[PDB]
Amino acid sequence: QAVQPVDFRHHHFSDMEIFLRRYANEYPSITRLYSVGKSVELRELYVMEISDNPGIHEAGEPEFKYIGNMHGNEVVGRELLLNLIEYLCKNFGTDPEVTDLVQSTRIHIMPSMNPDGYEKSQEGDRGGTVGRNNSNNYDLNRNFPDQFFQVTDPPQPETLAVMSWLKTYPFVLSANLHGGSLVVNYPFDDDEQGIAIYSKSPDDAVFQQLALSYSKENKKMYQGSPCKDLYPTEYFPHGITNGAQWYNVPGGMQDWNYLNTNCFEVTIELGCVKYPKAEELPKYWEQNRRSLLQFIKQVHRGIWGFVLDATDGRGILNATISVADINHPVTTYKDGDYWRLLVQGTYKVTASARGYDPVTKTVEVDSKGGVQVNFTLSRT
């Protein structure tokens, strides 16, 4: 009964800009179109914010984000996110799922992180590299500071704009879209040895559940065989894979997220054909709609709440949330609010902060959703 997208076709920059503006102009109450910077060839890195309170962070409200077309010729992601912009705007108010989603989450959608590369891409290209890098011929997904390999390529304008953007909002969950395979890729993307081996992150548990939440809804992806005749060597149990194990990739945007912010980012491969003919687009939406939707909901799982000041009674900014045996702490935002993605289990969470006395609580996360837990810390 929900309204499906109708605008199925490839959108070159000009038309994407026209497209985005259309929704921002037609649904001003639940949208906010903004730019986070420009590409080498001066194209806007547009982001579409969608929520019932566009332009403001609401205390306790999770910041989510989708990013596509980081590699110019991997187009499916770009179109799906445009399809998603449409689906969300057109269904808000009439569709209970979309309404409830847009009201409880602040969704940021960037259709193309490499618009210059896109323009240099050839429709029909299945596995080529023309249009992949940015205007200066650098791989944006090799451009981020890496925890193991020492990155040499000069930081590009698209990379910088995005790093800034990631520092701007309290992003909790994220996913950047690619093409060239069919699987959801999770951290870490590389290892100290720089080879194809499993590279576990402190949050390996959640990442597998987060990745599975998407692949499970994409029937063909879940089957585990991206394209038996094109890349016969590829087999991903249940449609997910640790980055490094598939193959070593240093300088990725995915790991940079986890290691430099509170955001947990996953990389999604939407299909073996990088730049399919426009006639195939509607099928990709049909096969990923439920996935795109279910993934966003994962942002509401785990634990969340506030770290307040016993005297003031108001949130503490930049407080820390440490969990049982997971060496990856999370920080609080301006209203002392935090979100910590965790798998079903029991944890010993500890809120702490400069100038206050730490509190520890035994929290319990279930298989269904998120539990609210606040921490009131006394001063020192």
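The first residue of the shown sequence is 1; numbering continues from there.
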{"item": "Entry-level comparison of average CA B-factors, 305-313 and 174-182, reporting the higher stretch", "value": "305-313"}
{"item": "45-53 versus 350-358 - greater average Cα B-factor per the deposited record", "value": "350-358"}
{"item": "Residue of maximum C-alpha B factor among 189, 100, 74, 146, per deposited coordinates", "value": "100"}
{"item": "Out of 324, 70, 40, 33, highest CA B-factor residue", "value": "324"}
{"item": "Third of the chain's Cα B-factor distribution that residue 94 belongs to, per the entry", "value": "highest"}
{"item": "Residue 128 CA temperature factor, ranked by third within the chain", "value": "highest"}
{"item": "Ranked against its chain, the third holding the CA B-factor of residue 220", "value": "middle"}
{"item": "Chain-relative CA temperature factor third for residue 300", "value": "highest"}
{"item": "Residue 261 - Cα temperature factor, lowest/middle/highest third of chain", "value": "lowest"}
